Number of protein chains: 2
Amino acid sequence: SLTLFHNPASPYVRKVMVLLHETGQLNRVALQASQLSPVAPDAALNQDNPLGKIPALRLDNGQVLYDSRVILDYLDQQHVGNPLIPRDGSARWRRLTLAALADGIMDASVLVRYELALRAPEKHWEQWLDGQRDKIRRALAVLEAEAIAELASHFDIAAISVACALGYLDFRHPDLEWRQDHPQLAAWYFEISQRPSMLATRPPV
Amino acid sequence: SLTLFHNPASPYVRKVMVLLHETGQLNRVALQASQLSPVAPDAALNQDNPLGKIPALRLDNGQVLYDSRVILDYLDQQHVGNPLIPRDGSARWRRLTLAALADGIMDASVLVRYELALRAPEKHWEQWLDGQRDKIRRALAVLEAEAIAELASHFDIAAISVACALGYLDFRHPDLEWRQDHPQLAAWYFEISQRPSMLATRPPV
Ligand SMILES: N[C@@H](CCC(=O)N[C@@H](CS)C(=O)NCC(=O)O)C(=O)O
Ligand SMILES: N[C@@H](CCC(=O)N[C@@H](CS)C(=O)NCC(=O)O)C(=O)O
């Protein structure tokens with residue numbers, strides 16, 4: 001069986017859990033709880049993923065896969081249902097780019113979170129935090145203007161990644177209030193939030 | 001033709017340039033110079049990649065691909081030579097994980113660089129910088145202990161990414177002196193550095 005380094009707050013981990021849920025592969029995966037930060041290492045995790053990040057997936061043979069996008073690609077090839085990542089065609093690079101946009105939202109939102117929650121407030125850099133927040137808002141603007149129809153057509157790699165990014169914004173950055181300027185995205189997000197895979201993977205209250 | 005948002009210092013960009021060089025696709029690509037930082041946006045770049053990061057690749061039809069790993073996957077499917085990313089088999093996820101390890105080295109080394117070069121020294125956080133440096137050293141240790149033979153067997157996605165990560169360490173973090181503790185990696189790195197694709201893509205003096 002597989003072992004996934006796991007935390008119920010992480011949206012990168014959540015992408016993997018949603019994909020396992022959608023593809024019916026949860027029964028293959030043991031979760032290994034992990035609490036960590038860049039300034040608070042998890043030594044057991046570090047022995048499997050030297051970068052000290054989750055998710056990391058340990059295979060039946062002991063080999064370890066990371067990061068999330070590599071794990072997602074692996075798991076999508078493990079089941080015989082319709083692939084959640086297009087194998088070829090323009091759809092492949094379109095959906096993978098949308099997923100990368102979602103990852104970029106998570107990257108920025110995690111950097112802001114670490115800064116505001118772990119770094120001494122006297123050492124905060126406001127132009128930095130604002131720079132990160134700007135990436136998030138530019139990204140959301142694009143999804144709203146260019147991606148609504150594509151996201152709706154299939155709950156795949158792109159939809160899962162965006163959905164998880166949005167959930168993390170609600171969870172750790174509710175001050176952004178992303179729904180105001182992005183109604184179509186918000187409406188879609190409420191709808192997919194009702195999927196069993198999303199309900200089952202919400203971050204802790 | 002294609003348009004690549006480009007800077008000769010960026011190792012993520014360098015991965016794309018090395019792959020184009022190796023696969024003979026340089027004649028398809030116009031470079032669009034970009035200078036940027038998280039606190040100094042490039043407005044032309046932002047219109048193509050909302051995350052405000054390079055590389056970003058604009059296709060013949062106007063569509064934009066990012067980030068680097070998506071661009072690398074696209075370009076590797078564009079030529080008819082031997083693929084630099086394994087299409088299946090255990091080799092696919094092994095080589096993609098090694099590439100992700102290299103990306104993790106770049107991620108940490110770029111975060112440190114921004115902190116030390118752009119953030120007011122009174123606001124530096126030493127436990128943070130040290131946390132990032134630790135990921136780099138743990139990653140290098142792993143390449144040295146587990147990956148030498150694999151990297152040597154093919155100058156592919158994994159080798160290109162690692163090679164570019166190491167070049168950036170020499171360029172922006174020469175104080176790490178990674179060669180001391182990692183002789184086999186160092187010897188391999190000197191050898192592949194002599195490839196025309198590497199010579200042609202070195203960061204500026
Ligand atoms: N590129 C990685 C990013 C994963 C990531 O940053 N995970 C966070 C948890 S949400 C983490 O492990 N933080 C620990 C650290 O950065 O040291 C991926 O896609 O999996
Ligand atoms: N995940 C991205 C990371 C690219 C990246 O961070 N590029 C740096 C240049 S080396 C950058 O664009 N910095 C501008 C910024 O972070 O705002 C990729 O793999 O392409």
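Only this structure's heavy atoms are used, side chains among them; waters, hydrogens and symmetry mates stay out. All chains are named by letter (A, B, ...) in the order of the sequence lines, taking the proteins before the strands, and each is independently numbered beginning at 1.
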B:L51 vs A:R138, side chain to side chain contact (heavy atoms under 4.5 Å, CB included): CA-CA, chis, key distance, verdict: CA-CA 7 Å; B:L51 304 170; A:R138 280 198 308 268; over 6 Å; no

Side chain to side chain contact (heavy atoms under 4.5 Å, CB included) between A:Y74 and B:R92, worked out: CA-CA 9 Å; A:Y74 173 76; B:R92 177 176 176 83; over 6 Å; no

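For B:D73, the parts lying under 4.5 angstrom from a heavy atom of chain A are both the backbone and the side chain. Residue contact with chain A, scored on non-hydrogen atoms closer than 4.5 Å, involves the side chain of B:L111 exclusively. Proximity to chain A (any heavy atom under 4.5 Å) is shown, for B:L140, by neither the backbone nor the side chain. Residue contact with chain A, scored on non-hydrogen atoms closer than 4.5 Å, is absent for B:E126. For B:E122, the part sitting under 4.5 Å from any heavy atom of chain A is the backbone (N, CA, C, O) and nothing else. Proximity to chain B (any heavy atom under 4.5 Å) is restricted, for A:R87, to the backbone atoms N, CA, C and O. Only the side chain of B:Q63 comes within less than 4.5 Å of a heavy atom of chain A; its backbone N, CA, C and O stay farther away.
Ranked by non-hydrogen atom pairs under 4.5 Å with chain B, the options A:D88, A:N46, A:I136 are led by A:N46. Most heavy-atom pairs under 4.5 Å with chain B, from the set A:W128, A:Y114, A:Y66, A:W93: that is A:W93. Listed options B:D134, B:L98, B:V142, B:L65 were ranked by heavy-atom pairs under 4.5 angstrom with chain A; first place goes to B:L65. When each of B:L96, B:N61, B:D130, B:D67 is checked for heavy-atom pairs under 4.5 Å with chain A, B:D67 comes out on top. In terms of non-hydrogen atom pairs under 4.5 Å with chain A, the most contact-rich of B:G131, B:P38, B:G104 is B:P38. Contact tally against chain B (heavy-atom pairs below 4.5 Å) for A:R137, A:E146, A:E115, A:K53: the top residue is A:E115. Between chain B and the residues A:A40, A:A141, A:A100, A:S90, the most heavy-atom pairs under 4.5 angstrom are made by A:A100.
Closest approach of B:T97 to A:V70, counting heavy atoms only: OG1-CG1, 3.7 Å. For the residue pair B:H124 and A:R119, the shortest heavy atom distance occurs at C-NH1, 4.2 Å.
In this structure a side-chain-to-backbone donor-acceptor pair under 3.5 Å is missing from A:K123 to B:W125.
The environment of CG in A:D175 is crowded: more than 12 heavy-atom neighbours from other residues, nucleotides or ligands sit within 6.0 Å.
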